[PDB]
Amino acid sequence: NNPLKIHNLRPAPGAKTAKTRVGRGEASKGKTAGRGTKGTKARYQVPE
RNA sequence: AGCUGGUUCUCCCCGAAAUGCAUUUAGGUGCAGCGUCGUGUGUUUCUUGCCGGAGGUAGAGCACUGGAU
Numbered sequence: 004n005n006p007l008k009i010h011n012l013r014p015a016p017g018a019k020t021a022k023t024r025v026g027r028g029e030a031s032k033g034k035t036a037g038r039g040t041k042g043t044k045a046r047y048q049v050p051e
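Sequential numbering from 4 applies to the first sequence in the entry's author numbering.
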């Protein structure tokens, strides 16, 4: 009983993965946002 | 701008590198080394004992070459 209502929909577990917000706080992808310090790759992309 | 600075909430698990080659190359980067996660394998890793191997260092020596009372 109590049929499917639109507030009962949930995705299959593992379907949706929360984004990775780099640059917020130091207990996460911190100040460098996973880049290191002062290289060509600390500001730019190196072509393959 | 191969350059300088800045990049904001939390906790749980693991956790390095500053080495090799090459480089209009040396404070940069490519590959390899070292980290992590997923998947397959499952003791293959590592330590100690024993066994089979090649050597030319420490030491020693003058048989070769050289030095030398």
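We put the beta carbon where it would ideally sit given N, CA and C, even for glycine.
Presumed contact (8 Å Cβ cut-off) between residue i and residue j, rounded CB distance
i   : j   : result
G26 : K32 : 7 Å
Residue range of the unbroken alpha helix (DSSP H) whose run includes residue i
i   : result
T43 : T43 to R46
Proximity to residue i [Cα-Cα], best of the options
i   : options          : result
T23 : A36, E51 and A15 : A36
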